[PDB]
């Protein structure tokens, strides 16, 4: 058994705010955690062949609550972070992070699958990162990525996930339904208002260090769709900045060439039980290749 990684974190400018910095930090922590627990340098990974292999983001969840959500975090906040990986075979790995306020009751507690999957606590942030090793099929192409595994990836002795907690069932349902919250879920009503935004890939902002669309830029693009729909509903920019995201799920179905024009579609369901509570679904399409490259659902509270 490789130990879980606990760290004390003082919130820095580069990991908070209304943008994608927090997600970017979470992803860096996933690569550090897999590197420590799977005896592999994820940052410099190469397949047996010698080609770079990327531990690509595939399913990403951030679950908080009114007591602690990503927008709670300001400069200098003291957090505790507990991280660990779970066996998903040789081509994929699940990494969990729990984030608590430092000196909160039982912040030293270890990872608990039952807590993450069945009894999440309002006041902790729960992060699930399901990642898949991929290589490019052609240099300079971001399409048709190929499954891989770096030589010496040690998934053996990683703790096991029970069948109930499978991220594969979760993301399979999202690719089919274009939501992580089934449309027949009681207590919601679909608004007739939707948006469809043409988004050229932003080569200034959203390209990563290996020439793919940057995983955190998917969260920026989803929020661009969400803001477009917020504005179409006649709500204020000021109010968008006060929006509380208590849960968000993202599936990365594909990457995209850097000259692509993407389409960002957004729809919303409002709670009939709780004022201000709504489910926003965003689908990112690459019309020219015929592909859905992302699905995201946000569970929000606003005023």
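Numbering follows the first chain given and starts at 1.
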| property | result |
| --- | --- |
| Mean C-alpha B-factor comparison - 275-283 and 5-13, higher one | 275-283 |
| Selected stretch [higher average CA B-factor]: 30-38 or 230-238 | 230-238 |
| C-alpha B-factor winner, where the candidates are 223, 91, 77, 144 | 144 |
| Largest Cα B-factor, entry values, listed residues 266, 62, 48, 261 | 48 |
| Residue 125 CA temperature factor, ranked by third within the chain | lowest |
| Assigned third (lowest, middle, highest) for the C-alpha B factor of residue 139 | highest |
| Chain thirds of CA B-factor: placement of residue 44 | middle |
| Residue 215 by Cα B-factor - lowest, middle or highest third of the modelled chain | lowest |
| Chain third (lowest, middle, highest) by recorded CA B-factor, residue given as residue 176 | middle |
